[PDB]
Amino acid sequence: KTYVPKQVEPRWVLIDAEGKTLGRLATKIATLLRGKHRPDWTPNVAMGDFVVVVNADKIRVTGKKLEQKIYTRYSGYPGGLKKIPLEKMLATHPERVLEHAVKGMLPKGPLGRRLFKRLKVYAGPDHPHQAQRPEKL
Amino acid sequence: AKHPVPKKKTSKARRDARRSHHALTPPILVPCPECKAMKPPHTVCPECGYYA
Amino acid sequence: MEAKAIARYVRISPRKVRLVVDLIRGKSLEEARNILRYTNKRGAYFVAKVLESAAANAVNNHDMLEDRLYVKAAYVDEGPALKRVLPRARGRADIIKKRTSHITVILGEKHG
Amino acid sequence: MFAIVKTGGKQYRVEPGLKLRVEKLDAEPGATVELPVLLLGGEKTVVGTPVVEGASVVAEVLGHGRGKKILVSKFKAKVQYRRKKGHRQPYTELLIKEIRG
Amino acid sequence: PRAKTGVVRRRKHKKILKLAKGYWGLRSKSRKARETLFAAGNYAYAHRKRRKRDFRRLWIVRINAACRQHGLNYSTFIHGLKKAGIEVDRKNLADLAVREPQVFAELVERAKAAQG
RNA sequence: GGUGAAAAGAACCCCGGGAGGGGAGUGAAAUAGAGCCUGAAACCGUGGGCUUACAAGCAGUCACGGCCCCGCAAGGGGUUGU
RNA sequence: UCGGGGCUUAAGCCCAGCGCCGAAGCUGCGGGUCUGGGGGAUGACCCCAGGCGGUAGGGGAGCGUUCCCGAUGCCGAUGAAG
Ligand SMILES: [Mg+2]
Ligand SMILES: [Mg+2]
Ligand SMILES: [Mg+2]
Ligand SMILES: [Mg+2]
Ligand SMILES: [Mg+2]
Ligand SMILES: [Mg+2]
């Protein structure tokens with residue numbers, strides 16, 4: 001029978017974001033978000049590495065995107081289709097742009113939402129100085 | 001019989017759930033100055049009497 | 001040790017008395033007595049009467065002491081039902097179901 | 001000594017003597033049988049060719065026997081078609097003994 | 001001669017109702033169970049074929065994530081072995097990445113040289 | 001339509017207005033106690049094991065894990081988290 | 001809204017190349033069954049190979065309930081049927 005893993009300590013990670021393409025970066029963040037990188041993978045338990053990102057505003061994006069890219073927030077009320085361009089998100093809470101990126105690449109299941117928690121994001125940098133901080137590119 | 005009609009026989013589980021708040025609540029009583037009997041607050045009582 | 005006391009064929013709805021019963025389940029004897037006393041319900045009377053008898057049976061037949069017993073358990077059961085007719089508009093004849101109860105009350109010795 | 005060995009079309013590592021269960025085989029009840037098929041070992045027995053050359057994993061056939069009766073059953077909607085059928089797989093109780101490479 | 005339906009049916013039913021025991025609502029208390037069983041029946045058979053596929057990929061992620069740690073693609077890894085002529089590492093027992101990683105490592109080294 | 005071999009159909013005490021019970025007693029048998037042999041199923045209910053209040057569904061099935069229970073062991077049963 | 005996140009010397013389009021994924025198709029190991037063929041005083045059974053989705057529909061082989069012969073028998077209070 002295939003290996004039956006057990007409790008594993010959360011491996012935190014420190015991730016840059018300057019000049020990093022939105023999609024290309026989110027990809028690695030998600031794959032590392034779940035323990036999919038470690039050969040001891042197990043979709044059942046879900047034990048992905050705690051990813052913490054900084055320098056959110058620094059994220060690059062190709063061609064017409066700051067102006068073209070649109071987001072959609074729909075309330076249950078009529079006409080509540082409220083939509084926002086990319087430039088505005090960077091103005092308000094910019095961390096959002098990357099979150100809605102990773103969130104979109106995370107699985108639809110409940111545990112996936114549990115993974116989205118493992119994902120921390122800001123722009124300064126300066127994370128909540130906890131302990132772990134294994135830098136990466 | 002007319003327009004209002006139940007579409008489906010409600011599941012036994014769903015039925016019991018409705019009667020969630022249905023549960024009663026025990027009355028409130030207190031020892032009286034007379035006998036040790038338990039009178040309801042702000043009240044007299046038989047086999048005990050009262051004053052004033 | 002435990003003492004039972006059943007009241008079969010009581011003209012009253014189960015769901016109705018179940019409420020009263022659920023109040024005293026696992027309660028001290030004297031404590032329960034007072035509950036039934038001032039509880040605003042019809043089912044109270046039938047549960048109080050039988051529960052009262054459960055104490056008598058516990059004493060005069062099982063050497064249990066009045067000052068130390070409680071309601072180990074209790075529950076009502078649905079007996080048969082008295083089906084009746086009912087004249088309805090346009091001649092519809094709907095049967096009515098005056099159900100009956102089977103209140104059971106079992107006392108028991110406390111501790112030591 | 002993790003010794004691999006393919007028999008019955010399926011392969012699995014092998015501990016230094018331990019109770020294992022493999023596909024049926026034409027062997028005596030409690031006799032002995034040698035599996036020339038062998039892959040790797042304890043000290044990195046790199047398998048040059050598909051299967052290692054001079055090497056063999058032996059194990060005493062502890063006995064034969066059938067097992068859990070898994071239940072198969074076909075069905076198809078809007079068409080009277082349903083097939084109840086039982087099936088239980090036979091297997092040999094290969095007790096690992098020698099593991100000489 | 002008359003032949004009462006007798007016990008025949010009751011035995012046929014409870015026989016089935018036992019098999020369906022554990023389910024939900026009337027679905028485990030009546031002929032509804034029968035319907036449910038047909039679904040479960042065709043589910044077990046379909047999920048029996050799935051069970052292979054499930055682990056097929058289950059190991060592949062283990063394998064790929066493993067040799068990707070040493071520095072190479074899963075396709076790169078396998079190609080080397082298929083070339084080196086080593087059917088040894090059946091994808092299942094490729095789990096060595098957890099058990100005796102050194103062994104798995106040398107298997108990678110073989111794949112490295114076997115390619116070129 | 002059916003108590004039981006036989007009425008031996010429960011004297012007497014206790015709670016109670018009664019009904020109905022708890023003792024005692026008869027009987028091989030009283031969940032054979034009186035529309036009473038056998039008593040299945042729907043349906044109602046109490047106690048116990050496991051489970052659930054960030055969750056999306058023809059209700060199951062496939063895998064892993066936890067908890068409870070049987071076994072010298074491996075193993076088997078119940079529950080369901082993902 | 002391209003299935004969605006996303007994607008710009010591409011995660012788009014055209015040209016060429018090597019490698020891998022991926023079905024219940026195929027191979028591997030095991031068991032069924034039917035058919036044809038071989039061993040065979042030996043009926044028997046062993047071995048080889050191939051077919052085996054399936055409604056109307058045809059064919060074939062069984063299980064089970066009621067009753068009769070079997071019964072002036074056998075099982076049965078050390079417990080039949082249910
Ligand atoms: Mg009227
Ligand atoms: Mg009605
Ligand atoms: Mg269908
Ligand atoms: Mg009887
Ligand atoms: Mg289990
Ligand atoms: Mg025929």
# chains A, B, ... in the order shown; residues from 1 in each chain; ligands from 1
>>> residues_near_ligand(ligand="ligand 2", cutoff="9 Å", atoms="only C-alpha atoms (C1' of nucleotides) and all ligand atoms", output="PyMOL selection string")
chain C and resi 94-97
>>> write_last_selection(atoms="N, CA, C and O atoms", output="compact mmCIF listing (two decimals), in the first residue's frame")
# COMPACT_ATOMS: atom_id res chain seq x y z
N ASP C 94 -64.35 13.67 6.51
CA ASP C 94 -62.97 13.51 6.98
C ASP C 94 -62.93 12.82 8.33
O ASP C 94 -63.65 13.20 9.25
N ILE C 95 -62.09 11.79 8.45
CA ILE C 95 -61.95 11.09 9.71
C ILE C 95 -61.03 11.85 10.67
O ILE C 95 -59.97 12.33 10.27
N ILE C 96 -61.46 11.97 11.92
CA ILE C 96 -60.67 12.62 12.95
C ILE C 96 -60.06 11.57 13.88
O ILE C 96 -60.67 10.53 14.13
N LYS C 97 -58.86 11.83 14.37
CA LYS C 97 -58.13 10.84 15.15
C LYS C 97 -57.86 11.30 16.58
O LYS C 97 -56.83 11.93 16.85
>>> interface_residues(of="chain G", to="chain D", cutoff="8 Å", atoms="only C-alpha atoms (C1' of nucleotides)", output="list in words")
residues 28, 29, 30, 31 and 55 of chain G
>>> residues_near_ligand(ligand="ligand 1", cutoff="12 Å", atoms="only C-alpha atoms (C1' of nucleotides) and all ligand atoms", output="PyMOL selection string")
chain C and resi 86-94
>>> write_last_selection(atoms="N, CA, C and O atoms", output="CSV table (one decimal), in the first residue's frame")
chain,number,residue,atom,x,y,z
C,86,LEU,N,-66.5,13.3,10.5
C,86,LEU,CA,-66.6,14.7,10.6
C,86,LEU,C,-67.3,15.4,9.4
C,86,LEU,O,-66.7,15.4,8.3
C,87,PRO,N,-68.5,15.8,9.5
C,87,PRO,CA,-69.3,16.5,8.4
C,87,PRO,C,-68.5,17.7,7.9
C,87,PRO,O,-68.3,18.7,8.6
C,88,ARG,N,-68.2,17.7,6.6
C,88,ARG,CA,-67.4,18.8,6.0
C,88,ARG,C,-68.2,19.4,4.9
C,88,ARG,O,-69.2,18.7,4.4
C,89,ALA,N,-67.9,20.6,4.4
C,89,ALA,CA,-68.6,21.3,3.4
C,89,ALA,C,-68.7,20.4,2.1
C,89,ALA,O,-67.8,19.6,1.8
C,90,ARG,N,-69.9,20.5,1.5
C,90,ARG,CA,-70.1,19.8,0.2
C,90,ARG,C,-70.2,18.3,0.4
C,90,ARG,O,-70.1,17.5,-0.5
C,91,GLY,N,-70.3,17.8,1.7
C,91,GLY,CA,-70.5,16.4,2.0
C,91,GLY,C,-69.2,15.6,2.2
C,91,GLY,O,-69.3,14.4,2.4
C,92,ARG,N,-68.1,16.3,2.1
C,92,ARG,CA,-66.8,15.6,2.4
C,92,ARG,C,-66.8,15.0,3.8
C,92,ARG,O,-67.2,15.7,4.7
C,93,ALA,N,-66.3,13.8,3.9
C,93,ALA,CA,-66.3,13.1,5.2
C,93,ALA,C,-64.9,12.8,5.7
C,93,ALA,O,-64.4,11.7,5.4
C,94,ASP,N,-64.3,13.7,6.5
C,94,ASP,CA,-63.0,13.5,7.0
C,94,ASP,C,-62.9,12.8,8.3
C,94,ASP,O,-63.6,13.2,9.2
>>> residues_around(residues="residue 33 (chain F)", least_positions_apart="2", cutoff="10 Å", atoms="only C-alpha atoms (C1' of nucleotides)", output="list in words")
residues 3, 9, 10, 30 and 36 of chain F
>>> residues_near_ligand(ligand="ligand 6", cutoff="12 Å", atoms="only C-alpha atoms (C1' of nucleotides) and all ligand atoms", output="ChimeraX atom specification")
/G:58-62
>>> residues_near_ligand(ligand="ligand 4", cutoff="8 Å", atoms="only C-alpha atoms (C1' of nucleotides) and all ligand atoms", output="PDB file with C-alpha atoms (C1' of nucleotides), in the first residue's frame")
ATOM      1  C1'   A F  29     -45.253 -20.529  30.127  1.00  0.00           C
ATOM      2  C1'   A F  32     -50.037 -16.602  27.145  1.00  0.00           C
ATOM      3  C1'   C F  37     -51.205 -18.127  19.883  1.00  0.00           C
TER       4        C F  37
END
>>> select_by_dssp(residues="chain D", states="strand (DSSP E or B)", output="MDAnalysis selection string")
chainID D and resid 4 6:7 10:11 19 22:23 32:35 39 57:61 66:76 81:92 94:96
>>> interface_residues(of="chain E", to="chain G", cutoff="8 Å", atoms="only C-alpha atoms (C1' of nucleotides)", output="VMD selection string")
chain E and resid 1 to 6 8 49 74 to 76 78 to 79
>>> closest_atom_pairs(of="chain E", to="chain D", cutoff="7 Å", atoms="only C-alpha atoms", output="Markdown table")
| residue | atom | partner | partner_atom | distance |
| --- | --- | --- | --- | --- |
| E:38 | CA | D:75 | CA | 6.1 |
| E:41 | CA | D:73 | CA | 5.4 |
| E:42 | CA | D:74 | CA | 5.8 |
| E:45 | CA | D:72 | CA | 6.5 |
| E:85 | CA | D:50 | CA | 5.4 |
| E:86 | CA | D:50 | CA | 4.2 |
| E:87 | CA | D:50 | CA | 5.1 |
| E:88 | CA | D:39 | CA | 5.7 |
| E:93 | CA | D:12 | CA | 6.8 |
| E:103 | CA | D:44 | CA | 6.0 |
>>> residues_around(residues="residue 73 (chain E)", least_positions_apart="6", cutoff="9 Å", atoms="only C-alpha atoms (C1' of nucleotides)", output="VMD selection string")
(chain E and resid 64 to 65 67) or (chain G and resid 20)
>>> residues_around(residues="residue 22 (chain B)", least_positions_apart="6", cutoff="12 Å", atoms="only C-alpha atoms (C1' of nucleotides)", output="JSON, numbers by chain")
{"B": [15, 16], "C": [15, 16, 18, 19, 20, 22]}
>>> interface_residues(of="chain B", to="chain C", cutoff="8 Å", atoms="only C-alpha atoms", output="list in words")
residues 23, 24, 25, 26, 27 and 38 of chain B
>>> write_last_selection(atoms="C-alpha atoms", output="PDB file, in the first residue's frame")
ATOM      1  CA  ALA B  23     -39.612  22.428  23.739  1.00  0.00           C
ATOM      2  CA  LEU B  24     -41.313  23.696  26.898  1.00  0.00           C
ATOM      3  CA  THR B  25     -39.664  25.517  29.794  1.00  0.00           C
ATOM      4  CA  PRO B  26     -39.988  24.704  33.518  1.00  0.00           C
ATOM      5  CA  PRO B  27     -41.986  27.191  35.650  1.00  0.00           C
ATOM      6  CA  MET B  38     -42.601  26.869  46.591  1.00  0.00           C
TER       7      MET B  38
END
>>> residues_near_ligand(ligand="ligand 5", cutoff="12 Å", atoms="only C-alpha atoms (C1' of nucleotides) and all ligand atoms", output="PDB file with N, CA, C and O atoms (P, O5', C5', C4', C3', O3' and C1' of nucleotides), in the first residue's frame")
ATOM      1  P     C F  50     -18.387   7.963  21.425  1.00  0.00           P
ATOM      2  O5'   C F  50     -18.382   8.221  19.855  1.00  0.00           O
ATOM      3  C5'   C F  50     -17.506   7.496  19.006  1.00  0.00           C
ATOM      4  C4'   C F  50     -17.931   7.603  17.564  1.00  0.00           C
ATOM      5  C3'   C F  50     -18.148   9.014  17.044  1.00  0.00           C
ATOM      6  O3'   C F  50     -16.942   9.666  16.687  1.00  0.00           O
ATOM      7  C1'   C F  50     -19.970   7.657  16.403  1.00  0.00           C
ATOM      8  P     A F  63     -11.808   1.399  -1.482  1.00  0.00           P
ATOM      9  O5'   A F  63     -10.785   2.593  -1.251  1.00  0.00           O
ATOM     10  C5'   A F  63      -9.551   2.655  -1.948  1.00  0.00           C
ATOM     11  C4'   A F  63      -8.762   3.875  -1.547  1.00  0.00           C
ATOM     12  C3'   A F  63      -8.458   4.005  -0.062  1.00  0.00           C
ATOM     13  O3'   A F  63      -7.332   3.249   0.346  1.00  0.00           O
ATOM     14  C1'   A F  63      -9.321   6.052  -0.866  1.00  0.00           C
ATOM     15  P     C F  64      -7.181   2.798   1.881  1.00  0.00           P
ATOM     16  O5'   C F  64      -6.758   4.150   2.609  1.00  0.00           O
ATOM     17  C5'   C F  64      -5.519   4.788   2.335  1.00  0.00           C
ATOM     18  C4'   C F  64      -5.406   6.108   3.055  1.00  0.00           C
ATOM     19  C3'   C F  64      -5.698   6.076   4.548  1.00  0.00           C
ATOM     20  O3'   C F  64      -4.606   5.624   5.331  1.00  0.00           O
ATOM     21  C1'   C F  64      -6.898   7.845   3.566  1.00  0.00           C
ATOM     22  P     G F  65      -4.896   4.845   6.707  1.00  0.00           P
ATOM     23  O5'   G F  65      -5.352   6.014   7.690  1.00  0.00           O
ATOM     24  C5'   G F  65      -4.450   7.056   8.033  1.00  0.00           C
ATOM     25  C4'   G F  65      -5.154   8.212   8.700  1.00  0.00           C
ATOM     26  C3'   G F  65      -5.924   7.893   9.971  1.00  0.00           C
ATOM     27  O3'   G F  65      -5.100   7.775  11.115  1.00  0.00           O
ATOM     28  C1'   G F  65      -7.269   9.213   8.573  1.00  0.00           C
ATOM     29  P     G F  66      -5.569   6.806  12.306  1.00  0.00           P
ATOM     30  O5'   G F  66      -6.614   7.703  13.106  1.00  0.00           O
ATOM     31  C5'   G F  66      -6.234   8.930  13.712  1.00  0.00           C
ATOM     32  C4'   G F  66      -7.427   9.652  14.286  1.00  0.00           C
ATOM     33  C3'   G F  66      -8.260   8.865  15.289  1.00  0.00           C
ATOM     34  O3'   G F  66      -7.727   8.905  16.601  1.00  0.00           O
ATOM     35  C1'   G F  66      -9.685   9.841  13.677  1.00  0.00           C
ATOM     36  P     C F  67      -7.897   7.652  17.593  1.00  0.00           P
ATOM     37  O5'   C F  67      -9.437   7.707  17.982  1.00  0.00           O
ATOM     38  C5'   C F  67      -9.971   8.786  18.736  1.00  0.00           C
ATOM     39  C4'   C F  67     -11.472   8.692  18.824  1.00  0.00           C
ATOM     40  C3'   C F  67     -12.018   7.365  19.329  1.00  0.00           C
ATOM     41  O3'   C F  67     -12.007   7.252  20.740  1.00  0.00           O
ATOM     42  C1'   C F  67     -13.159   7.967  17.359  1.00  0.00           C
ATOM     43  P     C F  68     -11.796   5.804  21.399  1.00  0.00           P
ATOM     44  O5'   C F  68     -13.181   5.071  21.119  1.00  0.00           O
ATOM     45  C5'   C F  68     -14.363   5.423  21.823  1.00  0.00           C
ATOM     46  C4'   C F  68     -15.498   4.487  21.492  1.00  0.00           C
ATOM     47  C3'   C F  68     -15.199   3.003  21.639  1.00  0.00           C
ATOM     48  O3'   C F  68     -15.287   2.534  22.973  1.00  0.00           O
ATOM     49  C1'   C F  68     -16.216   3.380  19.549  1.00  0.00           C
ATOM     50  P     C F  69     -14.404   1.271  23.432  1.00  0.00           P
ATOM     51  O5'   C F  69     -15.082   0.056  22.654  1.00  0.00           O
ATOM     52  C5'   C F  69     -16.452  -0.241  22.880  1.00  0.00           C
ATOM     53  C4'   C F  69     -17.013  -1.194  21.854  1.00  0.00           C
ATOM     54  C3'   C F  69     -16.456  -2.608  21.854  1.00  0.00           C
ATOM     55  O3'   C F  69     -17.004  -3.404  22.888  1.00  0.00           O
ATOM     56  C1'   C F  69     -16.663  -1.823  19.626  1.00  0.00           C
ATOM     57  P     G F  75      -4.067  -5.682   9.088  1.00  0.00           P
ATOM     58  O5'   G F  75      -5.382  -6.589   9.152  1.00  0.00           O
ATOM     59  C5'   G F  75      -5.738  -7.503   8.123  1.00  0.00           C
ATOM     60  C4'   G F  75      -6.895  -8.384   8.536  1.00  0.00           C
ATOM     61  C3'   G F  75      -8.278  -7.745   8.509  1.00  0.00           C
ATOM     62  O3'   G F  75      -8.880  -7.752   7.226  1.00  0.00           O
ATOM     63  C1'   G F  75      -7.961  -8.777  10.593  1.00  0.00           C
ATOM     64  P     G F  76      -9.929  -6.602   6.819  1.00  0.00           P
ATOM     65  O5'   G F  76     -11.221  -6.921   7.698  1.00  0.00           O
ATOM     66  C5'   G F  76     -12.097  -7.983   7.349  1.00  0.00           C
ATOM     67  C4'   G F  76     -13.163  -8.203   8.396  1.00  0.00           C
ATOM     68  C3'   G F  76     -14.165  -7.076   8.603  1.00  0.00           C
ATOM     69  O3'   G F  76     -15.207  -7.053   7.641  1.00  0.00           O
ATOM     70  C1'   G F  76     -13.368  -7.785  10.695  1.00  0.00           C
ATOM     71  P     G F  77     -15.966  -5.670   7.320  1.00  0.00           P
ATOM     72  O5'   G F  77     -16.765  -5.326   8.658  1.00  0.00           O
ATOM     73  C5'   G F  77     -17.920  -6.063   9.029  1.00  0.00           C
ATOM     74  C4'   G F  77     -18.604  -5.482  10.243  1.00  0.00           C
ATOM     75  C3'   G F  77     -19.072  -4.037  10.139  1.00  0.00           C
ATOM     76  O3'   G F  77     -20.289  -3.884   9.428  1.00  0.00           O
ATOM     77  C1'   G F  77     -17.948  -4.342  12.183  1.00  0.00           C
ATOM     78  P     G F  78     -20.595  -2.508   8.654  1.00  0.00           P
ATOM     79  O5'   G F  78     -20.780  -1.466   9.844  1.00  0.00           O
ATOM     80  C5'   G F  78     -21.875  -1.599  10.736  1.00  0.00           C
ATOM     81  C4'   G F  78     -21.888  -0.517  11.789  1.00  0.00           C
ATOM     82  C3'   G F  78     -21.732   0.915  11.301  1.00  0.00           C
ATOM     83  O3'   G F  78     -22.906   1.455  10.723  1.00  0.00           O
ATOM     84  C1'   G F  78     -20.364   0.583  13.185  1.00  0.00           C
ATOM     85  P     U F  79     -22.769   2.549   9.552  1.00  0.00           P
ATOM     86  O5'   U F  79     -22.150   3.809  10.308  1.00  0.00           O
ATOM     87  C5'   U F  79     -22.833   4.434  11.385  1.00  0.00           C
ATOM     88  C4'   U F  79     -22.019   5.548  11.995  1.00  0.00           C
ATOM     89  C3'   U F  79     -21.559   6.640  11.039  1.00  0.00           C
ATOM     90  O3'   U F  79     -22.567   7.607  10.796  1.00  0.00           O
ATOM     91  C1'   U F  79     -19.755   5.974  12.439  1.00  0.00           C
ATOM     92  P     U F  80     -22.681   8.367   9.385  1.00  0.00           P
ATOM     93  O5'   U F  80     -21.338   9.219   9.326  1.00  0.00           O
ATOM     94  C5'   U F  80     -21.073  10.241  10.281  1.00  0.00           C
ATOM     95  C4'   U F  80     -19.745  10.922  10.041  1.00  0.00           C
ATOM     96  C3'   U F  80     -19.597  11.642   8.701  1.00  0.00           C
ATOM     97  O3'   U F  80     -18.800  12.813   8.883  1.00  0.00           O
ATOM     98  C1'   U F  80     -17.895  10.023   8.912  1.00  0.00           C
TER      99        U F  80
END
>>> residues_around(residues="region 53-64 of chain D", least_positions_apart="5", cutoff="7 Å", atoms="only C-alpha atoms (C1' of nucleotides)", output="PyMOL selection string")
chain D and resi 29-38+91-101
>>> residues_around(residues="residue 20 (chain F)", least_positions_apart="5", cutoff="12 Å", atoms="only C-alpha atoms (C1' of nucleotides)", output="list in words")
residues 5, 6, 7, 8, 9, 10, 11, 46, 49, 50, 53, 101, 102, 103 and 104 of chain C; 15 of chain F
>>> write_last_selection(atoms="N, CA, C and O atoms (P, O5', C5', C4', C3', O3' and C1' of nucleotides)", output="PDB file, in the first residue's frame")
ATOM      1  N   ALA C   5     -44.324   2.450  36.718  1.00  0.00           N
ATOM      2  CA  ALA C   5     -45.718   2.839  36.901  1.00  0.00           C
ATOM      3  C   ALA C   5     -46.281   3.335  35.572  1.00  0.00           C
ATOM      4  O   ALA C   5     -45.907   4.408  35.093  1.00  0.00           O
ATOM      5  N   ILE C   6     -47.175   2.552  34.978  1.00  0.00           N
ATOM      6  CA  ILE C   6     -47.696   2.858  33.652  1.00  0.00           C
ATOM      7  C   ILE C   6     -49.163   3.274  33.686  1.00  0.00           C
ATOM      8  O   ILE C   6     -49.944   2.775  34.498  1.00  0.00           O
ATOM      9  N   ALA C   7     -49.529   4.193  32.798  1.00  0.00           N
ATOM     10  CA  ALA C   7     -50.912   4.633  32.676  1.00  0.00           C
ATOM     11  C   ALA C   7     -51.388   4.492  31.233  1.00  0.00           C
ATOM     12  O   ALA C   7     -51.341   5.445  30.459  1.00  0.00           O
ATOM     13  N   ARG C   8     -51.844   3.294  30.884  1.00  0.00           N
ATOM     14  CA  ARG C   8     -52.316   3.014  29.535  1.00  0.00           C
ATOM     15  C   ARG C   8     -53.702   3.587  29.266  1.00  0.00           C
ATOM     16  O   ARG C   8     -54.445   3.910  30.192  1.00  0.00           O
ATOM     17  N   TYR C   9     -54.037   3.711  27.986  1.00  0.00           N
ATOM     18  CA  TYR C   9     -55.377   4.113  27.569  1.00  0.00           C
ATOM     19  C   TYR C   9     -55.800   5.490  28.087  1.00  0.00           C
ATOM     20  O   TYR C   9     -56.964   5.694  28.426  1.00  0.00           O
ATOM     21  N   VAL C  10     -54.861   6.430  28.149  1.00  0.00           N
ATOM     22  CA  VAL C  10     -55.183   7.792  28.574  1.00  0.00           C
ATOM     23  C   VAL C  10     -55.609   8.671  27.396  1.00  0.00           C
ATOM     24  O   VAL C  10     -54.827   8.915  26.477  1.00  0.00           O
ATOM     25  N   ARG C  11     -56.850   9.150  27.437  1.00  0.00           N
ATOM     26  CA  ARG C  11     -57.390   9.977  26.360  1.00  0.00           C
ATOM     27  C   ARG C  11     -56.683  11.321  26.253  1.00  0.00           C
ATOM     28  O   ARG C  11     -57.068  12.290  26.908  1.00  0.00           O
ATOM     29  N   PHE C  46     -51.973  14.113  34.070  1.00  0.00           N
ATOM     30  CA  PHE C  46     -51.848  12.683  33.815  1.00  0.00           C
ATOM     31  C   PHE C  46     -50.445  12.167  34.128  1.00  0.00           C
ATOM     32  O   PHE C  46     -50.274  11.012  34.518  1.00  0.00           O
ATOM     33  N   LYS C  49     -50.133  12.322  38.189  1.00  0.00           N
ATOM     34  CA  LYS C  49     -50.852  11.225  38.822  1.00  0.00           C
ATOM     35  C   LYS C  49     -50.060   9.922  38.760  1.00  0.00           C
ATOM     36  O   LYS C  49     -49.865   9.258  39.777  1.00  0.00           O
ATOM     37  N   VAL C  50     -49.598   9.563  37.567  1.00  0.00           N
ATOM     38  CA  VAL C  50     -48.830   8.336  37.388  1.00  0.00           C
ATOM     39  C   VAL C  50     -47.480   8.400  38.105  1.00  0.00           C
ATOM     40  O   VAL C  50     -47.068   7.442  38.757  1.00  0.00           O
ATOM     41  N   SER C  53     -47.852   7.769  41.622  1.00  0.00           N
ATOM     42  CA  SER C  53     -48.019   6.343  41.863  1.00  0.00           C
ATOM     43  C   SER C  53     -46.691   5.603  41.760  1.00  0.00           C
ATOM     44  O   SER C  53     -46.480   4.597  42.436  1.00  0.00           O
ATOM     45  N   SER C 101     -52.675   7.845  24.937  1.00  0.00           N
ATOM     46  CA  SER C 101     -51.301   7.823  25.431  1.00  0.00           C
ATOM     47  C   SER C 101     -50.979   6.578  26.249  1.00  0.00           C
ATOM     48  O   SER C 101     -51.864   5.792  26.580  1.00  0.00           O
ATOM     49  N   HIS C 102     -49.700   6.416  26.572  1.00  0.00           N
ATOM     50  CA  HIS C 102     -49.230   5.302  27.385  1.00  0.00           C
ATOM     51  C   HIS C 102     -48.080   5.773  28.265  1.00  0.00           C
ATOM     52  O   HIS C 102     -46.962   5.268  28.160  1.00  0.00           O
ATOM     53  N   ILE C 103     -48.358   6.745  29.128  1.00  0.00           N
ATOM     54  CA  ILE C 103     -47.322   7.351  29.956  1.00  0.00           C
ATOM     55  C   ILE C 103     -46.627   6.328  30.846  1.00  0.00           C
ATOM     56  O   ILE C 103     -47.275   5.593  31.592  1.00  0.00           O
ATOM     57  N   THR C 104     -45.301   6.294  30.764  1.00  0.00           N
ATOM     58  CA  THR C 104     -44.503   5.419  31.610  1.00  0.00           C
ATOM     59  C   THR C 104     -43.536   6.250  32.444  1.00  0.00           C
ATOM     60  O   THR C 104     -42.854   7.134  31.923  1.00  0.00           O
TER      61      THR C 104
ATOM     62  P     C F  15     -52.454   3.828  49.273  1.00  0.00           P
ATOM     63  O5'   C F  15     -52.090   4.380  47.828  1.00  0.00           O
ATOM     64  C5'   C F  15     -50.890   5.110  47.616  1.00  0.00           C
ATOM     65  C4'   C F  15     -50.800   5.605  46.195  1.00  0.00           C
ATOM     66  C3'   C F  15     -52.056   6.267  45.651  1.00  0.00           C
ATOM     67  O3'   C F  15     -52.186   7.624  46.038  1.00  0.00           O
ATOM     68  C1'   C F  15     -51.263   4.685  44.088  1.00  0.00           C
TER      69        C F  15
END
